[PDB]
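Presented below, as structure tokens, is a lone chain in the form deposited in one PDB entry.
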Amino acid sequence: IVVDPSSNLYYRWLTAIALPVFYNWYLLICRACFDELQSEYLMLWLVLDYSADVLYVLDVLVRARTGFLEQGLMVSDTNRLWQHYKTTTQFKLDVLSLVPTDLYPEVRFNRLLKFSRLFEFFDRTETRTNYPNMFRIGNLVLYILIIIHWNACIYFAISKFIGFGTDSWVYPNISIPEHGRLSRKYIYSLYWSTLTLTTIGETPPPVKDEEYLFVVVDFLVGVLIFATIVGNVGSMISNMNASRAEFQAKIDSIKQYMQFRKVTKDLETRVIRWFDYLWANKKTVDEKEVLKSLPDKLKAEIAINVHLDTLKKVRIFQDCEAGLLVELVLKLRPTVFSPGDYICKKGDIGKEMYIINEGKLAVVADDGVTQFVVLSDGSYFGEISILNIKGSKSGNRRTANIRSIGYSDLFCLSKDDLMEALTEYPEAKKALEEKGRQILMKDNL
């Protein structure tokens, strides 16, 4: 079998191999430095180390049968997969992490060489999850807890090397039953390392030169840790409200424009209420900028999936070419209208055709509140004035006032957009002109 790195089985294996790597780092430095975790829970550490080595050789096999991409296609032959896995330095890191050094748990510090699986699990979870900033604070707390734990183990090893209870800086005398417990040892070492790496420093001061030097190095490392934590959380907060700051900057610039150009209070509060609607309905980003980073094939497929069943129900586009409808939904433009907004007044130049989506319009009667007919979802208007038929009775002029009752979302197919969409389909252009001429001869010509 061949696994591929983009599937879900690969991410489940990334979790299943990120568990024993974190176990190896954490509990290997703890057992190497504390000497009672290793002594008391010996069968538990034997079981967990056997499980970690089993998952390590299984990771070697999975990396041996993990595919890659050449010429866009996934490679699936195990010989070339094995050679490509072998020529990489990750193969040497895996073999060096699986040397039989068990033939004092510090000999198992080769097992810490599989850190790339933990970093790959963190990267894949960060790109897969839907709470990326919550996972980022989780990863930051995990990294700084690893450093706090490793510094606690280093402090206990240094105080054991100097001597227990010989100094005021080192760990107290473990022959006393209060300082002799493993829980007291680990939690006091963790408290010391936390005070020293959070640059609080309420610890007893050093008395020897190696202790002074270790405390200097520890306080500078804690300074770098605090700077990294603050930088990551600050960039995360700057990313968490970048869209809010962009929309507030746009609102502030438009309000400054409306104050500088002396826009009246009615239009000013109409613009303010429009932006309040645009934020309270989460429409803060425009689709014309949203659909630029996509390729043309996915843009065309999204335009089909949104507008093709709507455009196919238009009476002039019932028997047109599928490629012509593809170009037409590529040239569709969506606009949102406020309540009471006139889409078109009677007597204006008709150069756009609007198809209603998720809205409710009304044909009002000569700048009045009385409505003749109420248009609804899926319907359209302006289907004839944009075709530019010779000998029209109307002459590209709207014969009715259409107001918006609520917030409508129309799709605007312009005259120029239809003319540049009809330039590579001339037979479809003549058929569209024939259908418009037929509709005009039926109703009024």
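Basically, rigid core = biggest C-alpha set you can superpose within 1.5 Å across the two forms. Residue indices: 1-based, along the sequence shown.
Only in words, not in the display: the form deposited in another entry, which the text now covers.
(message) Looking between this form and the one not shown after fitting on the rigid core, I'd like to know which of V363, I154, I162, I137 has a C-alpha displacement of 2 Å or more.
(response) Result of the comparison: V363.
(message) I want to check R31: does it shift between this form and the one not shown by 2 Å or more at the Cα, with the core superposed?
(response) No, its C-alpha moves less than 2 Å.
(request) Return yes or no for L19: a CA shift of at least 2 Å between this form and the one not shown, with the rigid core superposed? (result) It does not reach a 2 Å shift.
(request) Using a superposition on the rigid core, decide whether the Cα position of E383 changes by 2 angstroms or more between this form and the one not shown. (result) Yes; that C-alpha moves by at least 2 Å between this form and the one not shown.
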